[PDB]
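Undergrad: enclosed are the sequence and the experimentally obtained structure.
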Amino acid sequence: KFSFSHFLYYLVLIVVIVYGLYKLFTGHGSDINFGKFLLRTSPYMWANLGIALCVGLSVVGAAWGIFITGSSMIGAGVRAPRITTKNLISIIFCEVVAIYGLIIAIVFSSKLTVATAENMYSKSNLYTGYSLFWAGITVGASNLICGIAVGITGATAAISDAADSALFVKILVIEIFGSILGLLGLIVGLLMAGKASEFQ
Amino acid sequence: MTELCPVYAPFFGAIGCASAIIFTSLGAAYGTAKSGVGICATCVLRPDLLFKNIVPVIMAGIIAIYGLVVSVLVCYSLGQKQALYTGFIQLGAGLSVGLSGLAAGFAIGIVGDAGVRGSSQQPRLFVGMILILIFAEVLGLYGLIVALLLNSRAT
Amino acid sequence: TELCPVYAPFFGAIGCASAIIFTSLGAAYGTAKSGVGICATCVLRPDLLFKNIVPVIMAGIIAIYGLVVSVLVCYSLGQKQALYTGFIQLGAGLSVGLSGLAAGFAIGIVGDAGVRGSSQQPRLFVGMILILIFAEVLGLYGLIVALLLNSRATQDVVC
Amino acid sequence: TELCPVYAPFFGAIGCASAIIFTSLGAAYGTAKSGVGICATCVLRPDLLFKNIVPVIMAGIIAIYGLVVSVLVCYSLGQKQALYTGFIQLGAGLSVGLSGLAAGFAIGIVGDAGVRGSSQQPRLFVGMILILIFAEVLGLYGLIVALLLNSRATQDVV
Amino acid sequence: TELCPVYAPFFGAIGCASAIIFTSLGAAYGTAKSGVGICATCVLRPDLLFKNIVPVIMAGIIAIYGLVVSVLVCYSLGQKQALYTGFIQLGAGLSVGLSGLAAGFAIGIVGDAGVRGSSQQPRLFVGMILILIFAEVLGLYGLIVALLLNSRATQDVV
Amino acid sequence: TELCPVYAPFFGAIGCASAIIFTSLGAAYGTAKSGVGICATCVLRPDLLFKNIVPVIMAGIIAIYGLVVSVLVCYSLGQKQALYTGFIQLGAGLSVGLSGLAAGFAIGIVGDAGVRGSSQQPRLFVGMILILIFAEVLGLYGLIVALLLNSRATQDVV
Amino acid sequence: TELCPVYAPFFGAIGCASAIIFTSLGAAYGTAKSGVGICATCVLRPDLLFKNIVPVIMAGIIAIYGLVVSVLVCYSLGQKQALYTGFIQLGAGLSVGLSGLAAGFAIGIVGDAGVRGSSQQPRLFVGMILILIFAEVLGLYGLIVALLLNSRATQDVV
Amino acid sequence: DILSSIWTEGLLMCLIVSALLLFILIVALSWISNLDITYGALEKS
Amino acid sequence: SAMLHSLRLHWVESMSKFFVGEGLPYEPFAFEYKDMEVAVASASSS
Amino acid sequence: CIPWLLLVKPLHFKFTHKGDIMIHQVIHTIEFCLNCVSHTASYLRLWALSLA
Amino acid sequence: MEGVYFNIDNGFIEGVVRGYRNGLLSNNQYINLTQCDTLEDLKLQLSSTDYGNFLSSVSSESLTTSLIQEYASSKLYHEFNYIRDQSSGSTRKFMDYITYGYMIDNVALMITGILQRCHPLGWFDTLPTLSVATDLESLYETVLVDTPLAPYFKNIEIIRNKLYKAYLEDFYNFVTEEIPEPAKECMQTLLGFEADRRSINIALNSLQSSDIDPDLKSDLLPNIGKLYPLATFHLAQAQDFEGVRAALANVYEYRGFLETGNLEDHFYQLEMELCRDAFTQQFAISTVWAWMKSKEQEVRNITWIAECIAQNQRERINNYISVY
Amino acid sequence: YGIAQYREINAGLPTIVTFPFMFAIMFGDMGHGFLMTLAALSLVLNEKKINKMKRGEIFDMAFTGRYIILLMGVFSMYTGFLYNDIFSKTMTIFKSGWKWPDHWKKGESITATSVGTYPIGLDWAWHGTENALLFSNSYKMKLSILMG
Amino acid sequence: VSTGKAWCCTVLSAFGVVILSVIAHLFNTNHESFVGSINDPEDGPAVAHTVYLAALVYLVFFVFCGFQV
Amino acid sequence: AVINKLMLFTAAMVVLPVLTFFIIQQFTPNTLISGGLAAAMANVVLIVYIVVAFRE
Amino acid sequence: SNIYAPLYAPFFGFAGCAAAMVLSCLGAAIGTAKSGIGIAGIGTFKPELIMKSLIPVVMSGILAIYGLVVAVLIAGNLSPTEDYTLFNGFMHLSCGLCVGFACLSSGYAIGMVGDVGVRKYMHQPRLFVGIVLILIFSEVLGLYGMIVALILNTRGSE
């Protein structure tokens, strides 16, 4: 059994294990110093990665759900074009997912400011860098998950509505739950970044 | 060099400039290829629908246009002694627009293929096709918006 | 100096390489896919050979873009070139290369599909051309970005 | 010397390696992919054997380009050569090698289709030749880039 | 102290963990695939829970070996233990764990095949138990190696 | 200090996390693979309100083992905790977690076999609980290892 | 001392582990494949058990080769052992382990085929034995290499 | 105070962001390579 | 793009506030010029 | 306003008709409350397309 | 998960396929066709269904049961060829494998030499050569080696059943390897049923031939599905109908459904159960197989009703097989 | 989207204005709005000629929406006037509410002062400024929220 | 020559005349939106003259294509 | 006819963009317009080829 | 200032937040979507029993509720002006991992059980209590993870 991707996974795992054992045995285990990596690394990489991944993963989830449910509803729409406008609420809730990411990206971009070199790596700047990074990842990944889920559910809703219009209604509740998931992700991202100060 | 303006700072700006156009172009290429397969399959029977079915590849193209816009805007913010702040601003703009336009192009390709096929079988599905496809395009549009917001803070 | 380290030309040389490498990969994919399409169709429709070979032409355009950017980056290379120049040359190379790779994939897929379709439906030829142009402008955009970058590679640069 | 480190010839040596390795790999794919088509073609109609061997020759030309670049960069190698010339010989090697890999990939696939088509329709021979030329010029462009880089390799170098 | 670094108990704890982890994975495979094989006894009631369950008991005995080694290496673990003790203890843990994993794979495969065959024709059972013994003896060897290692884990340590 | 680094609680927290993560994964696999496999005769299932619960009970028991070990290592965690204590908590967490993951896989596969091969004969539903016990006792062994090791986490520690 | 470092017994313990681990996996594969073959054939011909459990025995034999190397390496492990003897113990462990893994693959595949064939044609029995002898002397080579290597582990060590 | 003379923080985060971009590129190229063509609607009638 | 998004604002944001919908089309019985291109219909539409 | 929306319309039916619409009312009101937020968010596309 | 990647290529396909599934005639529509009194009345009533104006070019005088069957089959085959044309990659190969069964049927039907191809989906470039291939020795090395049936080959009923054994085994392997989990399980179950039907029918055919050795059937029984290997081996050793009953006594499904009633009706009923169940999976390509079988049964039922109103004998009109 | 319930309010009557004018808020350029107005007028002025004439599909779609497109163009011209956009460029038809400093050196990062407020439309003093995006985004985002 | 190309070029050249004329006027009057930036051309009337010449080129095209309308 | 003029078009595409590129590079140091002229020559060859393809 | 409160600790605190919310969203989405696939086909459009049909998606949403609770509790202990310790950072990271992976497992099991469950008991109301009991055992997994997260919150943020 072989695959190139798994071969590289095992190769890099072996290389990292060997490097860690080499550093540890020679008494230089503290050279692998992920904490000092977090301290020395520029806070802006964290902040802008947070924003970029927030909007990017929100858009990935929105688009993924969108083509799932849109392809399903166009296929089901061949016999019943009435399905389009009825089940378009699925596309709508998939798009709202990306709008959440856009809103969070706006909020976090409000935090981006030129910090002084004398104050570059302070407690507040590191805190806000990590906060924006992980809050953007939280919102973006939750939005990706919710967009895929809402797209799957809306595809099922479109197909069921094609089978019978009465089956549509209760699947829209599932779509509502999927949208609430993304809303919760957005509010938790806001709470994570709520007390993060600007770069100063 | 300085602590704020390291020699490696322009790496992020240049790679973001590259990333914008690259990922938006792969998104546009996926959209164009998938929707063009759909168009060519469809219009063997009904070539009269060429200028309807052309919409998804056009939207894929506008995705790459958004990428071009962002890449140009961040490119003219580049400098040898540019700050690390603006370097990561350019990186964030390029990455946001690239990943967003990539996802939007994938969605546009798949939805456009399905839509041209359906709207060739069912003409009333044209408005549905195009209205889903605009909803896929708008995601790359949102990525463009975030890239513009970030780039507005480059210096 | 620190603005012009000895490893600075690495990025420039690999951007020069990557431009032509990835544009040639895209042009090769387009040429191969559209060429198997052409060879499959022209057995039954020999007279279409002049028309349906257009996607190969469009892949060659991508290859020419890659050649142009690679040559520009080459003449912009120096031993004591700035690290900024290295990053900009790498960015231009990657831009043109990967955008032309995407354009070449699009051209190959669309050219194959459209050549086989137009062997049946002559009217499909105009649609094929329009879609192939929409696929080729992706490589054109990559070229534009690479040219702008390479123009800025040495402006206001100090050693 | 900072500008001429001891590890500088590594990039030149592996550029000389890659220039032949990847062009020969592309030429191998081209020759194999087209050769199977030629064999499956001449089993039905062997009289077009020397007419159908064209894609194999076009693929071999790719390896010839790689050989040319490998030879030039090989004679450009030195123990105390600059790190710059190492990077640029690596760039020339990768350029020609991977451009020829793409060219051989394209030539193999389209020649595999084209020998069959030409046997079934002789007018398609010129079309196959055309597509083969458009694939081969990809390796030619890689050669041009590699030659320009190699010429630049040791000019104005301290 | 250099011979007893603070990271020495890391390898000991990883050995203790592995001794039960990998052994339990082997025993889990052996129990699971043997059980799905034993599901062929849905027709033949008198073999279910009487004779067909030998492979799952043997997998459980493998897990008993893993538990024994894990406990033994747990009670030799300590804060200021030597790094040699850590290596020996990790070696014992890995030996028993991965040998039990191999034994569990063999037990599962052979138990499934043999239980199905014996449900088809009972005389295979005496051969099946013998082959299962050979499969389980692999884990017994792992136990022996891990026990010897643990026996010298703190023998001459300073 | 050397014995009690600031990063010492990292390993304890990772052990606490693993105790939940892998046991919950095993329990989820067991519950899913068991409850979703019921079909054929189990689709009617008139004689009782429930007939596929025992594998789910044992998967829940695996999850309870994970919960117990995780809570114990929670209450064993500290800010100035020794590095040895961190390794011990990591070892206990990994032991219980991966042993319970193996047990959950075994329970899921055995329960899937039992309910998928549903039949009117009582043999399976009265005898396969023995195989299920042999699967769950693997998680029990993981629990025993984790409890002993954690009991040694703060023993003779300075 | 630099030539007897504290991390030297790491390679020794990993050699001792591997010597039994990889041979046990090889033997497990051999015994699994062969057992499947036997349990398939013995159903239709229940008297050839003694003639077809030969490859299982040979898999056990490569397993005992692994056990021997593991115990011999284990008795050579010491806290202040040289780094040289650590590398040689690791090399002996790998030499026996991976060669016995290859021997186990060969024995399993050959025994599977020869068991499923011998029942259909008894004349194949001696041929199967011969091939298994080659496939098992294959691991005997690894045993010989590991024994010669281990004998040199402490020969001229300072 | 430096974490490495070779693996400096600047080089390390350049590698990190380039690896993120390369991961997204590999995913994009995987999806684009999954573009098979529906030949039947457009091949040989 | 802008007109499709305004269609989005209306079908989704504006009408969902008040639009009950699901009415019955009027489409009365009336004669029309049924051009003979309907020969495509009932022969290529099934 | 959330309990108001859930209750007042169904309870009138329960008391005065002489409730079965509880499910429809509850789903309608939850989607109304969430659609208010999502619609206010979606109107940002005016700015989005204008800026683009 | 199931639908995460499914809709990249098959979302439109699967949506259209269940759209057709909604167009399958309901029990009420079969009843309405039953109450008809003439072929023109059936034409109009069926045009009221999702078939639409398909016989629109057929006058009542030209209208016959054969034409109704041919047009229904043509509509099904056009829908299948549309879905296959819009398919790519794994689903395209899945549909090609579906066509291989009809290819084998056409091979067996045409080598009987008049017998034409008689099935559009089984057509291949060299199929009419089989009408003129009297020498079975030249079959593979002349005709079939060019066809996709080449991997399968190694009186005619022997060839047909060997081809079906190889085809079903290869297609089960393809389903296991290249098809996602829900569709994998559904198609494996459907192939188990198909191989069980083939095994039972082949055993009942061997019942009528003294030269049907038990080991000869090993080249013929697919050994796939719930009957495998045990009930398949029992059918191989079975000598008569009692042996078949004893073999089928050892399984849950298809037990007590060949000892009474019409065997074809029971196989079709169980097939409709399995197709109805397969339609429940939402992101599975097995929906295509379920649709194909359902439509084939629908065309059979429609032709049956057409016969029962063209030749009267209306007592048999209600014996059509349907779950919809 | 859907046919209205019997004798409920028709959404099309509000749509006549709201649809073109949301389109305009999103579109918002006087050059492009002028082009769209000319395109629509080419259909509205020649209305009797394209009527009673075969139109295909895309051109038929353009003709049937000719008044829709006319209102889009007109409202887009108004919006671009408020956005102060004719193509890329701004109009300078009134005195700016922002006055630059009395004197500056070439390249100096100057800041304007509020001498007043621009009567109708965005102030042309924002054209080409490097903080134009901040004010434009604040304006357009709050405009979107308010008008939505 | 053909009516389609004649109309296309007539319309494009009419927009050319109007737009390039107004651009040339705004450059000639040193309008800030065209000359106020350091990055803009330094001498308004000079570029105004060439934009005016381009407007005359489009005038030639417009009048010609009108002669073929 | 096509056999010869299509040879002319392939030769044009292979050579003329490259010759224009190098000639403009020799005459002008500005890289941007050099690449612009090279791409313009390539696209002009493409456009002429498409025009003659439509003319047929 | 304080070795136990380095400035990079909030990285791990926010990582705990993300691990809580993202993975709880994974669990809730898997459960809700997977169960919705079943719910779409079941139900026969009966209005009053929809509240019994929707149980799996309610439980799936409760999993996300656990995730939100934990992420909020973690985020409320994060502030740039407080003396946030590294111990608290690892404690919050373990909170996130525990609750996120427990909810992910719970969502997997909820979906896999609930799709076939609703397809069964919506047509066979006898199996309602059994399926619901299985779903409860599926949901207590996430409950366990939330309990661990709460305990780690109280201990770490002391």
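TA: The structure has been received and is ready for your questions. Residues are numbered from 1 along each chain as shown, chains lettered A, B, ... in the order given.

Undergrad: how near is the residue lying closest to residue A:173 once chain neighbours are set aside to chain K?
TA: Of all residues not flanking residue A:173 in the chain, residue J:27 sits nearest, at 5.7 Å (C-beta to C-beta, 6 or more residues apart in numbering or on different chains). Any C-beta I mention is one placed from the backbone N, CA and C, and that applies to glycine too. Separation of residue J:27 from chain K (C-beta to the nearest C-beta, to the nearest Å): 22 Å.

Undergrad: got it, and residue L:33?
TA: Taking C-beta to the nearest C-beta as the measure, residue L:33 and chain K are separated by 37 Å.

Undergrad: so that residue touches residue L:77, yeah?
TA: Yes: between residue L:33 and residue L:77 there is a contact at 3.9 Å, judged by C-beta atoms under 8 Å.

Undergrad: ok, the two, which is more surrounded?
TA: Neighbours per residue, other C-beta atoms under 10 Å in any protein chain shown: of residue L:33 and residue L:77, the larger number sits with residue L:33, 25 against 22.

Undergrad: three-state assignment of that one?
TA: helix (DSSP: H, G, I helix; E, B strand; the rest coil).

Undergrad: which ones are touching the residue of chain H found nearest chain B?
TA: Among the residues of chain H, residue H:41 lies nearest to chain B; the distance is 3.5 Å by C-beta to the nearest C-beta. Residue H:41 sits next to B:41, B:42, B:44, K:82, K:85, K:86 when contact means C-beta atoms under 8 Å, 6 or more residues apart in numbering or on different chains.

Undergrad: if you set the cut-off to 7 Å instead, what comes out?
TA: Each residue near residue H:41 by C-beta atoms under 7 Å, 6 or more residues apart in numbering or on different chains is listed here: B:41, B:44, K:85, K:86.

Undergrad: one step back: distance of the residue nearest to residue A:173 from chain B?
TA: Computed with C-beta to the nearest C-beta, the distance linking residue J:27 and chain B is 23 Å.

Undergrad: shouldn't that residue be within a helix?
TA: Yes: going by three-state DSSP, the assignment for residue J:27 places it inside a helix.

Undergrad: what's the burial count for residue J:3?
TA: 8.

Undergrad: same question for residue A:33.
TA: For residue A:33, the tally of surrounding residues (other C-beta under 10 Å) stands at 15.

Undergrad: so which strand or helix has residue M:38?
TA: Following DSSP states H and E, one finds residue M:38 outside all helices and strands.

Undergrad: count of residues packed around it?
TA: 7.

Undergrad: mind checking how far it is from residue L:107?
TA: Residue M:38 sits 7 Å away from residue L:107, taking C-beta to C-beta, to the nearest Å as the criterion.

Undergrad: and what of residue L:21?
TA: Going from residue L:21 to residue L:107 by C-beta to C-beta gives 42 Å.

Undergrad: show me what contacts residue A:79?
TA: Shown here is residue A:79, whose contacts under the criterion C-beta under 7 Å, 6+ apart are A:162, K:19, K:22, K:23.

Undergrad: name the member of those with the most neighbours.
TA: Ranked by neighbour count under the definition other C-beta under 10 Å, the contacts of residue A:79 are headed by residue A:162 with 28 neighbours.

Undergrad: and that residue, that's in a helix?
TA: Yes: with three-state DSSP as the criterion, residue A:162 is located in a helix.

Undergrad: and the nearest residue to it once chain neighbours are set aside, how many neighbours does it have?
TA: Taking C-beta to C-beta, 6+ apart as the measure, residue A:162 lies nearest to residue A:76, with 3.9 Å between them; neighbours along the chain are not counted. Look at residue A:76: counted by other C-beta under 10 Å, it has 31 neighbours.

Undergrad: surely residue A:76 touches residue A:156?
TA: No: the criterion here is C-beta atoms under 7 Å, and residue A:76 misses it with residue A:156 at 10.3 Å.

Undergrad: stretch A:115-135 vs chain H: in contact?
TA: No: with C-beta under 7 Å from any C-beta of the partner chain as the measure, stretch A:115-135 is seen stopping short of chain H, the closest distance being 10.5 Å.

Undergrad: from chain L, how far off is the residue of chain H closest to chain B?
TA: Separation of residue H:41 from chain L (C-beta to the nearest C-beta): 21 Å.

Undergrad: now do the same contact list for the closest residue to chain H within chain N.
TA: Nearest to chain H, among the residues of chain N, is residue N:53, at 19.6 Å (C-beta to the nearest C-beta). With contact set as C-beta under 7 Å, 6+ apart, residue N:53 has these partners: C:50, C:51, C:54.

Undergrad: helix or strand for the second one, which one?
TA: Of the helices and strands defined by DSSP H and E, residue C:51 is found in helix C:49-52.

Undergrad: report all helices and strands that that helix contacts.
TA: The elements that helix C:49-52 packs onto, with contact taken as 3 or more C-beta pairs under 7 Å, 6 or more residues apart in numbering or on different chains; DSSP states H and E, are helix C:8-42, helix N:2-27.

Undergrad: got a list of what the residue in the stretch 51-200 of chain K that chain J sits nearest to touches?
TA: Here the stretch 51-200 of chain K gets closest to chain J at one residue, residue K:182, 28.8 Å apart by C-beta to the nearest C-beta. Residues touching residue K:182, when contacts are defined by C-beta under 7 Å, 6+ apart, comprise K:2, K:281, K:283, K:284.

Undergrad: make it 10 Å
TA: With contact set as C-beta atoms under 10 Å, 6 or more residues apart in numbering or on different chains, residue K:182 has these partners: K:2, K:3, K:6, K:278, K:280, K:281, K:282, K:283, K:284, K:285, K:286, O:37.

Undergrad: swap in residue K:188?
TA: Taking C-beta under 10 Å, 6+ apart, we find residue K:188 in contact with K:172, K:175, K:176, K:179, K:224, K:225, K:286.

Undergrad: contacts only, for the residue sitting nearest the centre point of chain J.
TA: For chain J, residue J:32 is the residue whose C-alpha lies nearest the centre (C-alpha atoms, centre = their mean; 2.0 Å). When the contact criterion is C-beta under 10 Å, 6+ apart, the partners of residue J:32 are I:16, I:17, J:1, J:2, J:5.

Undergrad: try residue B:38
TA: When contacts are counted by C-beta under 10 Å, 6+ apart, residue B:38 is found next to B:53, B:56-57, B:109-120, C:113, H:38, H:41, K:12, K:86.

Undergrad: 7 Å instead, please
TA: Contacts of residue B:38 were listed using C-beta under 7 Å, 6+ apart, and they are B:53, B:112, B:113, B:116, B:117.

Undergrad: nearest to chain F, of the residues you listed?
TA: Of these, the one sitting nearest to chain F (C-beta to the nearest C-beta) turns out to be residue B:113, at 33.8 Å.

Undergrad: spatially nearest residue to that closest one (excluding sequence neighbours)?
TA: On the basis of C-beta to C-beta, 6+ apart, the spatially nearest residue to residue B:113 that is not a chain neighbour turns out to be residue B:38, at 3.7 Å.
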